[PDB]
Structures are given as C-alpha cells and as structure tokens.
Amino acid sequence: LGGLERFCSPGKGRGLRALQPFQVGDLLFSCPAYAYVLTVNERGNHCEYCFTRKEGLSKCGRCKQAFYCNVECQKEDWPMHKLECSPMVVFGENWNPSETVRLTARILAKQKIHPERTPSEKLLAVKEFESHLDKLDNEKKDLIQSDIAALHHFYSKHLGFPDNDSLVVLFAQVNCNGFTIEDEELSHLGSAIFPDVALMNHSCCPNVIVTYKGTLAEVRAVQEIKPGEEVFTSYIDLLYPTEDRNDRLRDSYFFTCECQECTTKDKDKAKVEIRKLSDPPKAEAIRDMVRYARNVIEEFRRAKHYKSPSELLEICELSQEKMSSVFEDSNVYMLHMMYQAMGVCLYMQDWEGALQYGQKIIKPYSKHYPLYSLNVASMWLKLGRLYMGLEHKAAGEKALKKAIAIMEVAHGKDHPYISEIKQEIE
C-alpha cells in the first residue's frame, strides 16, 4: 500500500490504481478488519476473536456462549462481546439478531471507542462509504428499518444510537461495502468491514483475488497488473451468465458491469450448454427451462431455511431430472443443483454421494470460472478430502495438489491453509 493510490475513476466513483507492476501471486496489500463477527453457527468451533479453529476453546464464563483460544483472545474481544454478553442472557431463546445487525452494532461501538482513522482506513474511511441512499426503493428502506428496529431492541443495554437517518445511512453503507469471511472450503465464517479493500471496484474478469488470514484480508494479483490500470476484484460468483450477474450487481451495488466479460459475453453460450437431440428443443422450450431453473434456484434458497436434508436432496434430484430433458450436465443450472445437493450430502456425512456430484462438477467449473478461482480451488479441495477419506490416496493427492496450485497464487505460498493441505497429502 503506497505501491498504489486512490483516484476518482470514471463512471466508477472512487477506486484503486497501481503505481507499479504486480506479477501473478503478488501481495498488493492487506487490511485488518475494522469490525467483524463470527457467524452464530460457528460458535464453539472458532475463536470469536481471531477465528482460529480449535478443539479446545475456553468459554466465556459470563454468558457461556462465546469461545476463545485463551484469556488474551477473550480479553481482546471483550469490548465487542460486551454488546452481546448480558443481552444473550436476558433474551435467551429470543436472542436472534441478523448478522448484519450484529456487525453494525460493532461498527457503532468502534466509532465511539475509536473515532479517529484506523489502520484499516488508509484510503477509504468508513464515514466515506458509498451508500446509494438516493437509489434505495421502499422495499430496501423497509428492510433497513427492520434492521434498525432489531438493533435498538437487542443492543440498547450497552450501546447508544444516532438518529434514524444516520442509521439508515450506516446500514446502506454496510450492504454496499460489507464482506463475508469464508474458509478454505468457502464455508461462511462471519462478516466484516474492510474499508481499504472496499475501495476496489468490481470486474467479472478480476485482476485480483481477496482472501482471509483469520480476520486479516489480503489482496493478490491473479493477472499481471500494469502501472495505470484499475485494480478490480469480483463481488460475486462468476459462474453464472452475463444477465444473471448483472441482475445481481444492479440489485446489490447499483451498477452495471462493462468488463470485457460482461461486454463480449464470450463465455455465455457454454454456461447455457444445451443437449443435442436429433431434433433440438426450440427456443420457447429453453426459456421455460431457464426460467424454471432460476425460479427453482430461488425456491431452493428457501427450503434450507427449514426442510429436511432428505427433502432438500429430493428437490435437487427432481429439478435435475426435469431440467436434463434439455440441459447438458455441464450447464450451470445443472451445476448449481449438483453443488447444492453435494452440500446436502456432506451435511449427512454422505461422503460417496458428495463425491459423485463433485466429480461431475469440477471439470465444468474449470471451464466456466477464470484461471484462478476460489470456487475451483475449494471444489478440488473438497474432492481431495473426500478421496482421502475413502482412502483413494492417489486421486486424493492429485486433487489436493490442484487446489494448492491455485491457492498458492490466491492465498500466498505461506498461507496456513497450504501448510494444512500439504500435511494432508497423506
């Protein structure tokens, strides 16, 4: 950092520019989390302060509902954990703020405790975050209002608040600039604010990838970067077609991408691969599958909220059956449901069924994603741990090696995950 600088990039509000070349694999900069939270389902598995996984975690005696490496982690998290420690007890069962409210509460405590610029904000301050307030519709304002309501309700014991308009601003800023922290398998660990990382604008063919080392964000080049060019990361999963991606970006971030990918659209035809039946299906038909697919994707978002693994699995198979009438297995809509089914299979400790979906998914992933992709890497990694688990040592070794090859670029040669995975090549 300083190796680069900010600049008021066109059509793009602000963004980040290289002053020097970066090679593939190079660490552009890193950014300690300004605020963060460990996701509720990872309670008991990871330290709430540093996010390390441990079998042996010391508990908060106070509320017996937060876990730490040791008394230093616990002490260091206290200022934040105190926002939730006693209210979890008053509320018990009914303590259930969204992750966004939990993160936003910590921002507010941070601003109070440390109003000045932090090391997390060398180029973009939290106070300066784009909010797109003027673009939010009733629905999005309504959701933020719920969030404000929840915040007051749950965090009043030890937090005071600013007026409503300031809060609406803050929550909008959070949606526009908040990150998720995910592990080596892209499992959700929590959410965070990385202000200097958030200065980076998006591309569907990014030249950098963002990874996490505990709660520290790191940014590395996945294409060579020339002096004067804009540093772009991806805000979304790059698997989907150009339309599906831009619906996402406009909805979450109020812009339409004009990157080479979203322009030429060169990868679209392959993502929507169609089966060759002596007499093909006509276009009418296709639309009805495509619409049926996305539609389903939205409906599967749901059943996770409550349905049995047995019955989530069931919908994946039926949807795949139907869909395959006209879609090839290499088709992304087929890959989505395969992926989701693989997730279900892993939750049931159904290793072999997880493995079958994995094997069908990986080769299309490599086609559809770019050269260095956390999605491809985490799929190889999952394949390799499944093979090793069934004692297919040779295939496991090969798959774990493919993940390492990507991760060395994206996470760095010395990342602790690499170290873990190398030991596993055994």
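Sequential numbering from 1, following the sequence displayed.
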- Note on the structure: As the entry reports it, the stretch among 144 to 152 and 317 to 325 with higher mean C-alpha B factor is 317 to 325
- Message: On mean Cα temperature factor in this entry, is 173 to 181 or 217 to 225 the higher one?
- Response: 217 to 225
- Message: According to the Cα B-factor stored in this entry, which of the following is highest: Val40, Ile362, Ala399, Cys63?
- Response: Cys63
- So among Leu124, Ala285, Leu239, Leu103, who wins on Cα B-factor in the entry? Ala285
- Within-chain third of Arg301 by Cα B-factor, per the entry: highest
- Task: Could you look up the Cα B-factor of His202 in the entry and say which third of the chain it sits in: lowest, middle or highest?
- Result: middle
- Query: What third of its chain, lowest, middle or highest, does the C-alpha temperature factor of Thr118 fall into?
  - Reply: middle
- Query: Hey, what third does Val272 fall into on Cα B-factor, ranked over its chain?
  - Reply: highest
- Query: Among the modelled residues of its chain, does the C-alpha B-factor of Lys75 lie in the lowest, middle or highest third?
  - Reply: middle
